[PDB]
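Student:
Number of protein chains: 2
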Amino acid sequence: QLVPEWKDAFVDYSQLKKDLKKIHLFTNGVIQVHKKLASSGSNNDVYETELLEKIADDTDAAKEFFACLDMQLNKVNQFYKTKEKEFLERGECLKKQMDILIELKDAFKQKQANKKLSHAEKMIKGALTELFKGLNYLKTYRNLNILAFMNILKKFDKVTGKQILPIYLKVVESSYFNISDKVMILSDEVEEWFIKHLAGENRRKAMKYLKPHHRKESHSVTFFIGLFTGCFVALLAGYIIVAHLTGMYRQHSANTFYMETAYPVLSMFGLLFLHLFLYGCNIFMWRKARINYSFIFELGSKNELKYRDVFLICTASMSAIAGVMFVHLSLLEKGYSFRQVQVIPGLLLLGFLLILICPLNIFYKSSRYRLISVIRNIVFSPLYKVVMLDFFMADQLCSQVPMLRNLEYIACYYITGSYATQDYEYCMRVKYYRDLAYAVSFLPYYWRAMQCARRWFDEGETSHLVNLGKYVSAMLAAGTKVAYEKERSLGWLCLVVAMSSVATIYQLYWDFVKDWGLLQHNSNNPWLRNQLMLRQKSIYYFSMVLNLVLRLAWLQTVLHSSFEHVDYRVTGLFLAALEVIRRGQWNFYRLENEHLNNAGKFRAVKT
Amino acid sequence: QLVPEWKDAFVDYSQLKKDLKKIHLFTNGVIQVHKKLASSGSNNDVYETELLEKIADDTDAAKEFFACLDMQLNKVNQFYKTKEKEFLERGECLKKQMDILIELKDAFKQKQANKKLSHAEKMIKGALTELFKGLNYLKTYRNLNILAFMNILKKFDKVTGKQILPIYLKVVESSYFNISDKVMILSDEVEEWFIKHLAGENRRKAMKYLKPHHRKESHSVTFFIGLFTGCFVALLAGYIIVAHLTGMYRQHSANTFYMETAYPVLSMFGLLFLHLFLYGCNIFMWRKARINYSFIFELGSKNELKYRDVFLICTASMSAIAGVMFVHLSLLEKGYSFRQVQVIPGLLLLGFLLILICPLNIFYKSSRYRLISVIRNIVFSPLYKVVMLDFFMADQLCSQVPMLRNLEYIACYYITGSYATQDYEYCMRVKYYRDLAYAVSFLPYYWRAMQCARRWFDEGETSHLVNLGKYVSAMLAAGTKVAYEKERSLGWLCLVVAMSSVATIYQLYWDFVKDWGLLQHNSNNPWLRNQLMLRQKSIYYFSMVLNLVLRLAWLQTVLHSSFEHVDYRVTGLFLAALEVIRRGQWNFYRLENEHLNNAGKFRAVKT
Ligand SMILES: O=P(O)(O)O[C@H]1[C@H](OP(=O)(O)O)[C@@H](OP(=O)(O)O)[C@H](OP(=O)(O)O)[C@@H](OP(=O)(O)O)[C@H]1OP(=O)(O)O
Ligand SMILES: O=P(O)(O)O[C@H]1[C@H](OP(=O)(O)O)[C@@H](OP(=O)(O)O)[C@H](OP(=O)(O)O)[C@@H](OP(=O)(O)O)[C@H]1OP(=O)(O)O
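Here the protein sequences come in this chain order: R and H. Residues 11 to 39, 73 to 157, 280 to 772 in full-length UniProt numbering are what the first sequence lists, from first letter to last. Residues 11 to 39, 73 to 157, 280 to 772 in full-length UniProt numbering are what the second sequence lists, from first letter to last.
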């Protein structure tokens, strides 16, 4: 079939139902099938009708039901037998045409040991490429006719309501186009010489030369998202039952080397693997509005990560912690020599540290060494000029201020010997854990404020000087809490309400105005901008109240450093996992804004 | 576009590479792009070339690289601008054509309150159905040209090896066909009146009128297979760690109400949900060889179960047991009033019993009341004439003989009050658990032998009398073990070796010969039959040695009834879960045989 040719022999879902509309106008105004084949030595399914079950007072329109329908049996059967007969004529001349190929494909290495051979390939390539697809059209011809003859009977099983839909179907399925599979013995016959010596030795390269409608997505990754989602949830749920039934869940039990050894590590991993998830719940929202994240970030093609390849990292590696922090609760239910069981926390960190810098090819290299091309520029702060993916992962760390106290308690309990010596207070005695585990905790707001300084003494403009002010603002507002542990009075307490509400507007101003681009009164939209890259004007305003409700989580988690003081712990992992949820919609409206104020639409091939 | 018309403007992956083959013959015999638009007030991307980086000794073929390629920039750009201009001409006359529709679609309910309206629908249905698809062709025109211009440069980045694949791409993506999305603002413009008043009020019915390449499979079930696979494995693995660290795993601990209360539950549910899985690993092998299981079984259309809807039952309901038999280990680690914690085993059975007979619609009704149309005929054995799905689920129970002892120990510990009265030996004192928990254990081999009796006094033939002999054979061979507990001597021990090896050939004969159809010496294949419904003649013989190796698991599990005698327990759930693995390949070669000796090919629509 060079062109698709079954035109009168297509599905006749149009013509048959308006005759079923014509018995409908006879209502106000089921059959035993006489199976006979052709008396001409052929297989023409001429089906004689019989009315028995008292349809109407005079069945003048009941024969109109079969005045056309039994011809539709023949209409497929006259064609499919002849289209098979044409494909028998195109099924045996090819046996002779590839038989002279046998004379050629036998001597090409015999006589090489002793130039039309390449001309001989196109003589059989272009032949048997679409000659297969003439059969795949013929299977699609068969399936659509079953999709015809089954689905032309929906409303007849309501206005009459019988068991005819399998009864009629067994002169359809027993007719020649389905009671045989003689086109399907050709479905493996077409690849007898195509696979082994025509296209080479491959299996996918031989498939690609003749397959349109190629292949769907290999869904061995929708499963592996699910395998590790459920393995993490059930290992977590078998940690809030067993630790409940141990005594330790409320700390009404034995030694407190649980909530100071490995709560500072199921905290640091529940916050880091909530952010990587919300980075993958934002590629699902960037692609679904075509916000072109690869060109703005200057990514490239470069093995495009998707929202199934960061939904796979954040689940496969969070069940790997919820497992190793389940075999470590068991050993601390009975006791298994504390001097060596308390490296399992500090080694799971060490296992994850080397996967990130693993140089081989396994765990997403060319997007895991690009990420160390980003946190190399940010830590060397006043140098290393800012691009868009040098700004972005520097202001994803202003939600991981509570995470960066649980990667400084750990490397105090693993670097000065506090694990083998059995002491959970070795860090928090000296001045080291009064300022320098809370002053270097505001290191991410120093890296931002020294990237705007190079974005000022570079590019010149004034707007990268009020950006610089924004992080110095939330470095004084917690710098007053440094001088609030002493002189707790009416002195530096009308100052930690002063500078901490100066900050919380000066971050709230900058979010909508100079990051999200919103709050323009000189517009056609109330409190939004002119043009929107999204649907209905209702969820825009819901995200504007959630950057103010959720910035009470911020300024609680950066003035109430959890592992330095008061032992109310679960607030330090609930509110601190709300600021990580707050940024995650800030990532959306910062990229939508700097695409609707980038004005280009460079999408490399997506859809 | 009534016909697909981009023929010279198709991907030119043919013509450009043979010119790249022509610079290849110049080798033995990269550019800064001068971006200029049209000087005629248009957007014709005429790109002037420049050679700087010293390609060859004389660059006569380097200009041949750009003698055609920059024309391919124009060839898409002259067409896409004009095809958009045609779709502007087909983008503004439709604004006027649907504007007279506004005059019609406003008065149809005003004047109804006071017949060309239906003729007006086809005036805009058939217009805007494929006029959308003219744009979906134009997006496919754009994507294939990106799929052209990216994938015409594979071998040029090896013979020269530069960074040109994103450098060249930014005069491709910045050209008018991708630097705009003016066809994509029409992608939502086509459904402004189509969705709300043309097709009605639906979302899928409005989509079906104009969508070929409709939709792939909704993969919210490849995830839910995976969610419950991992939830079962991690709840199991958090049961072989916690019970290991309890004392009870080797029974070196407290009271033995573990391995007599709930090991006869996690035994009866690890065998029943291994068989339902291997019934779904056989629909994956029946469909993949087109063995037509629905017509042989006389199924019908009738909401066709797949191998994702029995891989979903057997995983979602095995994590629901591995959960409830994990909250029941915890309560029996500390003790929570034994008189009421020991109903959780006998209620999980009761929960699963009522799901099977649940009549509403939830858990696969019309295939769960058909299954009680099967185990109603089998238990009323000598009546109820045999069809193929009355035979099949009667001889799936001759692998669940060890399962049917753990559904008779349970309903002795739940029916005569042995749970509140605290006694794990109340059943196994009287004669009740010496014969009648082992003689009614061979009830499934009685239902088979009384279906062949109605298949004899019906249909007449001799072959349904040697079938009847086959189950009476393995009813005497274990009936000698009834008389082996006494007179253990050289008496009835040259009889339990006698009748039990008479059985194990008389099942081994019937499997290959009169069920699988194999072992015909009068054939062209050694020890197989003539025609095969499968691939290479190597895995046929591997399944013939696995019905003899694995029938030592049988006759061990039906002479060594596990909860009646000797306390070696894990052999009673390893070997008994091998006979359930043995049948599971018997289901394959029994249906392949009775399709290659059914000779019809009635496939209702699959592929
Ligand atoms: O295109 P039209 O000639 O206007 O026909 C329509 C259309 O039928 P086709 O798509 O088969 O041409 C509708 O079919 P659906 O696509 O909605 O299923 C169907 O609407 P109802 O089924 O809601 O009535 C109705 O066909 P029929 O009359 O066969 O029901 C029929 O309209 P008329 O035949 O009434 O013109
Ligand atoms: O169909 P032909 O005229 O015989 O051309 C083939 C074919 O090219 P097309 O499919 O583009 O027509 C091969 O392409 P692939 O499908 O294998 O990629 C390619 O084979 P190699 O790439 O292995 O050489 C080779 O094209 P080229 O010469 O451009 O490499 C070329 O054969 P000739 O051009 O050598 O006749």
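Note that beta-carbon positions come from the ideal geometry of N, C-alpha and C, so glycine has one too.
In chain H, what lies closer than 7 Å to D346 of chain R by C-beta?
Tutor: Chain H residues near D346 of chain R: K766.
Student: Specify the secondary structure class of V678 of chain R as computed by DSSP and reduced to three states.
Tutor: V678 of chain R falls in the helix class under three-state DSSP.
Student: Ligand 2 heavy atoms versus the CB of residue 188 of chain R: any closer than 7 Å?
Tutor: The model of chain R omits the segment between 157 and 280, and residue 188 of chain R is among the residues lacking coordinates.
Student: Using a Cβ-Cβ cut-off of less than 8 Å, give me the residues of the region 384-395 of chain H that come near chain C, in sequence order.
Tutor: Of the protein chains in the structure, R and H, none is chain C.
Student: Tell me whether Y501 of chain H sits in a helix, a strand or coil according to DSSP, three-state version.
Tutor: Note: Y501 of chain H maps to coil in three-state DSSP.
Student: Out of H:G365, H:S345, H:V492, H:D322, which one is the CA nearest neighbour of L401 of chain H?
Tutor: Taking only the C-alpha atoms, the option nearest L401 of chain H is H:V492.
Student: Could you give the distance in angstroms between the alpha-carbon of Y610 of chain R and the alpha-carbon of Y636 of chain R?
Tutor: Their backbone Cα atoms lie some 5 Å apart in a straight line.
Student: Scan the region 618-662 of chain H and note each continuous alpha helix (DSSP H) run of 4 residues or more that stays entirely inside, going in chain order.
Tutor: You should have 628-641, 644-647.
Student: Relative to the alpha-carbon of residue 63 of chain H, which residue among H:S385, H:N157, H:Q140 has its alpha-carbon at the smallest distance?
Tutor: Placed between 39 and 73 in the numbering, residue 63 of chain H has no coordinates, as chain H goes from one to the other without interruption by modelled residues.
Student: Hey, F151 of chain R and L282 of chain R: beta-carbon distance below 8 Å or not?
Tutor: Result yes, Cβ atoms of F151 of chain R and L282 of chain R sit closer than 8 Å.
Student: Would DSSP call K766 of chain R helix, strand or coil?
Tutor: In this structure, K766 of chain R counts as coil in the three-state DSSP scheme.
Student: Which residues of chain R have a Cβ atom closer than 9 Å to the Cβ of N343 of chain H, listed in chain order?
Tutor: Within chain R, the residues near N343 of chain H are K766, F767, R768, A769.
Student: Could you tell me which chain R residues have their CB closer than 9 Å to the CB of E498 of chain H, listed as they occur along the chain?
Tutor: Going along chain R in sequence order, the residues near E498 of chain H (Cβ under 9 Å) are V407, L410.
Student: Shorter than 8 Å from the beta carbon of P547 of chain R to some beta carbon of chain H?
Tutor: Cβ-Cβ to chain H under 8 Å: no for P547 of chain R.
Student: Do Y23 of chain R and ligand 1 come close, with the Cβ less than 7 Å from some heavy atom?
Tutor: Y23 of chain R: yes, Cβ under 7 Å from ligand 1.
Student: Using 8 Å as the threshold, is the region 440-455 of chain H in touch with the region 739-754 of chain H, meaning 3 or more CB pairs across them?
Tutor: The answer is yes - the region 739-754 of chain H touches the region 440-455 of chain H, with three or more Cβ pairs under 8 Å.
Student: Taking the straight line between their C-alpha atoms, what separation do you get for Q672 of chain H and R747 of chain H?
Tutor: Each residue's Cα considered, the two are about 13 Å apart.
Student: Return helix, strand or coil for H77 of chain R, following the three-state DSSP convention.
Tutor: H77 of chain R: strand per DSSP, three-state reduction.
Student: In chain H, which residues lie less than 8 Å from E356 of chain R when you measure between Cβ atoms?
Tutor: What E356 of chain R touches in chain H: nothing, since even the nearest Cβ is about 13 Å away.
Student: Using the three-state DSSP reduction, which class does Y610 of chain R fall into: helix, strand or coil?
Tutor: Three-state DSSP puts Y610 of chain R in a helix.
Student: Please name the residues in the region 468-484 of chain R whose beta-carbon is closer than 9 Å to at least one beta-carbon of chain H, in chain order.
Tutor: Answer in chain order: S484.
Student: Flag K281 of chain R as yes when its Cβ comes closer than 7 Å to any non-hydrogen atom of ligand 2, and as no otherwise.
Tutor: Flag unset: Cβ of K281 of chain R not near ligand 2.
Student: Using a Cβ-Cβ cut-off of 8 Å, state whether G326 of chain H counts as contacting chain R.
Tutor: False, the Cβ-Cβ gap to chain R never drops below 8 Å.
Student: Considering only their Cβ atoms, is the gap separating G391 of chain R from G391 of chain H smaller than 8 Å?
Tutor: Going by C-beta atoms, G391 of chain H is nearer than 8 Å to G391 of chain R.
Student: Taking 7 Å as the cut-off, does the CB of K679 of chain H come closer than this to any heavy atom belonging to ligand 1?
Tutor: Every heavy atom of ligand 1 is 7 Å or more from the Cβ of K679 of chain H, so no.
Student: Do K323 of chain R and ligand 1 come close, with the Cβ less than 7 Å from some heavy atom?
Tutor: The answer is no for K323 of chain R.
Student: Distance check for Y302 of chain R and residue 55 of chain R, CA to CA, integer angstroms please.
Tutor: Absent from the coordinates is residue 55 of chain R, which sits in the stretch where chain R moves from 39 straight to 73.
Student: If we count the other Cβ atoms within 10 Å of its Cβ and call it buried at 16 or more, is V662 of chain R buried or exposed?
Tutor: Exposed.
Student: Please confirm whether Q115 of chain H and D22 of chain H have their CB atoms less than 8 Å apart.
Tutor: The answer is yes: Cβ separation under 8 Å.
Student: Taking the beta strand (DSSP E) that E744 of chain R falls in, what are its first and last residues?
Tutor: Here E744 of chain R belongs to no beta strand (DSSP E); instead the alpha helix (DSSP H) covers 741-747.
Student: Is the distance from the Cβ of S606 of chain H to the Cβ of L569 of chain H below 8 Å?
Tutor: In contact: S606 of chain H and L569 of chain H (Cβ atoms closer than 8 Å).
Student: At a cut-off of 7 Å, is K79 of chain H close to ligand 2 when judged by its beta-carbon and the heavy atoms of the ligand?
Tutor: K79 of chain H: no, Cβ never under 7 Å from ligand 2.
Student: One question on the structure: do residue 189 of chain R and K596 of chain R come within less than 8 Å of each other, judged by their Cβ atoms?
Tutor: The model of chain R omits the segment between 157 and 280, and residue 189 of chain R is among the residues lacking coordinates.
Student: What does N308 of chain H touch in chain R if you count any residue whose Cβ is under 9 Å from its own?
Tutor: What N308 of chain H touches in chain R: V770, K771, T772.
Student: Which residues in chain R have a C-beta closer than 7 Å to the C-beta of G465 of chain H? List them in chain order.
Tutor: Neighbours of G465 of chain H on chain R, chain order: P331.
Student: Can you check whether the C-beta of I311 of chain H is within less than 8 Å of a C-beta belonging to chain R?
Tutor: At least one chain R Cβ lies under 8 Å of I311 of chain H.
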